[PDB]
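All residue numbers refer to positions in the sequence shown, counting from 1. For the numbers below, each heavy atom of this structure counts, side chains included, while hydrogens, waters and symmetry mates do not.
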Amino acid sequence: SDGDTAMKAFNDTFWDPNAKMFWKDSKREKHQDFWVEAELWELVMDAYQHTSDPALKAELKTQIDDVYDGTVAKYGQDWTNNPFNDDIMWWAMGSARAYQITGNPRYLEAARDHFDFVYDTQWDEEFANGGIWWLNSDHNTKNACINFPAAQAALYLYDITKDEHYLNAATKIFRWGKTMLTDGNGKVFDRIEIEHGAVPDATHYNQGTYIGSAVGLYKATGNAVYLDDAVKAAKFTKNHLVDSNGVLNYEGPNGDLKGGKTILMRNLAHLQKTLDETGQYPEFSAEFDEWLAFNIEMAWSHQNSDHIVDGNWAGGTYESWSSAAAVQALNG
Ligand SMILES: OC[C@H]1O[C@H](OC[C@H]2NC[C@@H](O)[C@@H](O)[C@@H]2O)[C@@H](O)[C@@H](O)[C@@H]1O
């Protein structure tokens, strides 16, 4: 019941049933940022897929539709007016998953149309020899936070439609990103800036979408190198994006990064499942599972009286993005 309890508490604290959006924090003065709301959307989907309580499962299934409706009410159905390609892609990926769960074709259309806008018009072969631009306004940087999510979205679209166009896209985007946005040993770089070069700053959410795309490509292609890529980036996370006791870092003060453990945990769950299914990397798998279980217990040892867990897992206004990671962790 821990995943159920966590999700119910998160909803009670942060869901606004009127606006059909999550509040940014418990002061209930402002709703969550657009791109972060796609990640909270996916959290609802993950709880839906995790729960064995059929009553809660039905409520969460309805909430999947409600989140979309609330966002569309405030932001439109056509997100291509947003200058951030990442914002667009986070919602395209979410929409693909919503289609898988609900079978409502509005979600497939949303996913496909927005994926196609970004991939078809924002890929460039010249600067850095490939990659998708961060923005559709100015073209100055190519970033992990658009490129790996784009590969993931393409993989969901391939799973749904089997259009070889999408498998080819995932393969090409990931190949470029491994080459230009990693060190080849699992450290994922933030971005590559024109007139400067790479910015080798690593964070949980970019480790996470690299790992998820790698695991997806391993499954789609049967090429073990992709699983090796995922394992290296999981090892880098476990050893180098943790505190002196092995607890995943708190990545404040940047608001976007504070909740990044949410996206990391989502994708580490995919790696765990693949390792469990295949029996590959058994020694790593054992250490990895113990370290995850440790992190989750530490997080939840710090829940407050309302069963809300602040994003400082190692340690009075609770924020929905920072608090989501602990919920995600119990809904893998
Ligand atoms: O340490 C990683 C980066 O963290 C901060 O940027 C967060 C986020 N901002 C938008 C876009 O630049 C993303 O690629 C990025 O992850 C910021 O301090 C960066 O300088 C830093 O590299």
Aromatic ring proximity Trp15/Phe22, centre distance under 6.0 Å | yes
Donor-acceptor contact below 3.5 Å, side chain [X] vs main chain [Y]:
{"X": "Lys261", "Y": "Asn249", "answer": "yes"}
{"X": "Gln207", "Y": "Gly186", "answer": "yes"}
{"X": "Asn267", "Y": "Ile263", "answer": "yes"}
{"X": "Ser95", "Y": "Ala110", "answer": "no"}
{"X": "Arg28", "Y": "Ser26", "answer": "yes"}
{"X": "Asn295", "Y": "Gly246", "answer": "yes"}
{"X": "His302", "Y": "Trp313", "answer": "yes"}
{"X": "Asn81", "Y": "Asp78", "answer": "yes"}
{"X": "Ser322", "Y": "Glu319", "answer": "yes"}
{"X": "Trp41", "Y": "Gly94", "answer": "no"}

With hydrophobic residues grouped by side-chain heavy-atom distances under 4.5 Å, do [X] and [Y] end up in a single group?
{"X": "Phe236", "Y": "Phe174", "answer": "no"}
{"X": "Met45", "Y": "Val36", "answer": "yes"}
{"X": "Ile64", "Y": "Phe34", "answer": "yes"}
{"X": "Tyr250", "Y": "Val242", "answer": "no"}
{"X": "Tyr68", "Y": "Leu108", "answer": "yes"}

To check you understand the geometry: which heavy-atom pair defines the closest contact between [X] and [Y], and what is its length?
{"X": "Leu181", "Y": "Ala144", "answer": "CD1-N, 3.6 Å"}
{"X": "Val247", "Y": "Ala314", "answer": "CG1-N, 4.1 Å"}
{"X": "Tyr205", "Y": "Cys145", "answer": "OH-CB, 3.3 Å"}
{"X": "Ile211", "Y": "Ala230", "answer": "CG1-O, 3.8 Å"}
{"X": "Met180", "Y": "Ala128", "answer": "CG-O, 3.8 Å"}
{"X": "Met7", "Y": "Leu60", "answer": "CG-CD2, 4.0 Å"}

Could you check whether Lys162 makes a cation-pi contact with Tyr158, meaning its NZ or CZ is under 6.0 Å from the centre of the six-membered ring and within 45° of the ring axis? yes
Those residues at least two apart in sequence (or on a different chain) that pass salt bridge (charged side-chain N to carboxylate O under 4.0 Å, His left out) with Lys24 are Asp33
Atom [atom1] in [X], atom [atom2] in [Y]: separation rounded to 0.5 Å?
{"X": "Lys238", "Y": "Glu290", "atom1": "NZ", "atom2": "CD", "answer": "9.0 Å"}
{"X": "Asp87", "Y": "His114", "atom1": "CG", "atom2": "NE2", "answer": "12.0 Å"}
{"X": "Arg97", "Y": "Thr102", "atom1": "CZ", "atom2": "OG1", "answer": "12.0 Å"}
{"X": "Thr237", "Y": "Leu271", "atom1": "OG1", "atom2": "CG", "answer": "10.0 Å"}
{"X": "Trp123", "Y": "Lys172", "atom1": "CH2", "atom2": "NZ", "answer": "5.0 Å"}
{"X": "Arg106", "Y": "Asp65", "atom1": "CZ", "atom2": "CG", "answer": "5.5 Å"}

### Task
In plain terms, say whether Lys178 and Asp229 are close enough for a salt bridge, that is, a side-chain N and a carboxylate O under 4.0 Å apart.
yes
Check your understanding: Salt bridge between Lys258 and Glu251, side-chain N to carboxylate O under 4.0 Å?
Key -> no
- prompt: Would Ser213 and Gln152 satisfy side chain to side chain donor-acceptor pair (under 3.5 Å), going step by step from the backbone distance to the final call?
  reply: CA-CA 5 Å; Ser213 59; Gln152 288 193 283; 6.0 Å; no
Got [X] and [Y] here, is their nearest side-chain heavy-atom distance under 4.5 Å?
{"X": "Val199", "Y": "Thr141", "answer": "no"}
{"X": "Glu42", "Y": "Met93", "answer": "yes"}
{"X": "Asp159", "Y": "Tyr166", "answer": "no"}
{"X": "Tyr218", "Y": "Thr274", "answer": "yes"}
{"X": "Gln63", "Y": "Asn11", "answer": "yes"}
{"X": "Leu241", "Y": "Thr203", "answer": "no"}

Over 12 non-hydrogen atoms of neighbours within 6.0 angstrom of CD in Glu297: no
Sorted by chain and number, sequence neighbours left out, ring pair (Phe, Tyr, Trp, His ring centres under 6.0 Å) with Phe294 holds for none
Under 3.5 Å, is there a donor-acceptor pair between the [X] and [Y] side chains?
{"X": "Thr161", "Y": "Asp163", "value": "no"}
{"X": "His139", "Y": "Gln122", "value": "yes"}
{"X": "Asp86", "Y": "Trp134", "value": "yes"}
{"X": "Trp321", "Y": "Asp25", "value": "no"}
{"X": "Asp46", "Y": "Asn331", "value": "no"}
{"X": "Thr262", "Y": "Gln328", "value": "no"}
{"X": "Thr51", "Y": "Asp53", "value": "no"}

What do the steps show when you test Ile173 against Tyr119 for side-chain contact (heavy atoms from CB on, under 4.5 Å), and what is the final call?
CA-CA 9 Å; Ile173 291 161; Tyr119 189 56; 3.8 Å; yes
Parallel, tilted or perpendicular: ring planes of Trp133 versus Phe127, cut at 30 and 60 degrees:
parallel
query = Step by step, would you call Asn85 with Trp90 a side-chain contact (heavy atoms from CB on, under 4.5 Å)?
reply = CA-CA 9 Å; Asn85 288 325; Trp90 289 120; over 6 Å; no
ask   = Can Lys142 and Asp124 be said to form a salt bridge (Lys or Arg N to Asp or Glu O under 4.0 Å), step by step?
value = CA-CA 9 Å; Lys142 292 175 173 177; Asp124 163 58; 2.9 Å; yes
Report, one line per pair, each donor and acceptor closer than 3.5 Å where one atom sits in a side chain of residues 219-228; sequence neighbours left out.
from	atom 1	to	atom 2	distance (Å)
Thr221	OG1	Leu217	O	2.7
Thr221	OG1	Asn223	N	3.2
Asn223	OD1	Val225	N	3.0
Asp228	OD1	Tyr281	OH	2.1
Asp228	OD2	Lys232	NZ	3.1

For this session: Go through the steps for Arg266 and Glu39 under the test side-chain contact (heavy atoms from CB on, under 4.5 Å), then give the verdict.
Result: CA-CA 10 Å; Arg266 182 178 299 135; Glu39 306 315 298; 3.0 Å; yes
Between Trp35 and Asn82, does the side chain to side chain donor-acceptor pair (under 3.5 Å) criterion hold? Intermediate values first, please.
CA-CA 11 Å; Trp35 83 269; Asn82 187 322; over 6 Å; no
